[PDB]
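Remarks on the structure that follows.
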DNA sequence: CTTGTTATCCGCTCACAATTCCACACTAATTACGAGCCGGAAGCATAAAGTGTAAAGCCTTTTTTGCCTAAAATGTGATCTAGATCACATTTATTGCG
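Residue numbers (our numbering): 287 to 374.
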């Protein structure tokens, strides 16, 4: 059961380490918060990890749902999320 | 007395929101980690036949330039006849009328 939901979980394919890299930076964020009491700035963790600081920000942009289309916005009658995007 | 079909009743699954535009403002949580593995590509220089580009090297043709000068076009001004100019004063000939 940990093999099937290990890849084909979301509606779209998702890598393995891409979801294992999130909780990796989690069990350390509160680790420095329970001691010092301040938010771990992207400077001290840049020396303990293999990620610089710039490219690591674009990684979070990938980790999403992202979002459906047939979802009410304002009119809640005929207006849909995928009905406001112009065509090229 | 027992049996049937029929009528009334209930809860159930079922089908089923319709006055008409716009503006302003606002918004998201969660599956244990570490070591070892094969994967793609970082873009490396290579090298070749093949291709299409990019110097400017004398030829030929066009086009502006300066040229010469033979032949045709161009002022000199004082005198002199054939031309022109105005305004609005007065005189003239047109077709009819009576």
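For each residue, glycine too, the CB sits at the ideal point set by N, CA and C.
Local conformation of residue i per DSSP, three classes
i: residue 366; result: coil
i: residue 359; result: coil
i: residue 350; result: coil
i: residue 344; result: helix
CB-CB length for residue i against residue j, believed under 8 Å
i: residue 359; j: residue 365; result: 5 Å
Range of the contiguous alpha helix (DSSP H) that encloses residue i
i: residue 306; result: 303-306
Alpha-carbon to alpha-carbon, residue j and residue i
i: residue 373; j: residue 290; result: 37 Å
i: residue 322; j: residue 330; result: 13 Å
i: residue 314; j: residue 307; result: 12 Å
i: residue 337; j: residue 354; result: 31 Å
i: residue 349; j: residue 305; result: 8 Å
i: residue 334; j: residue 328; result: 11 Å
i: residue 320; j: residue 310; result: 17 Å
i: residue 357; j: residue 369; result: 10 Å
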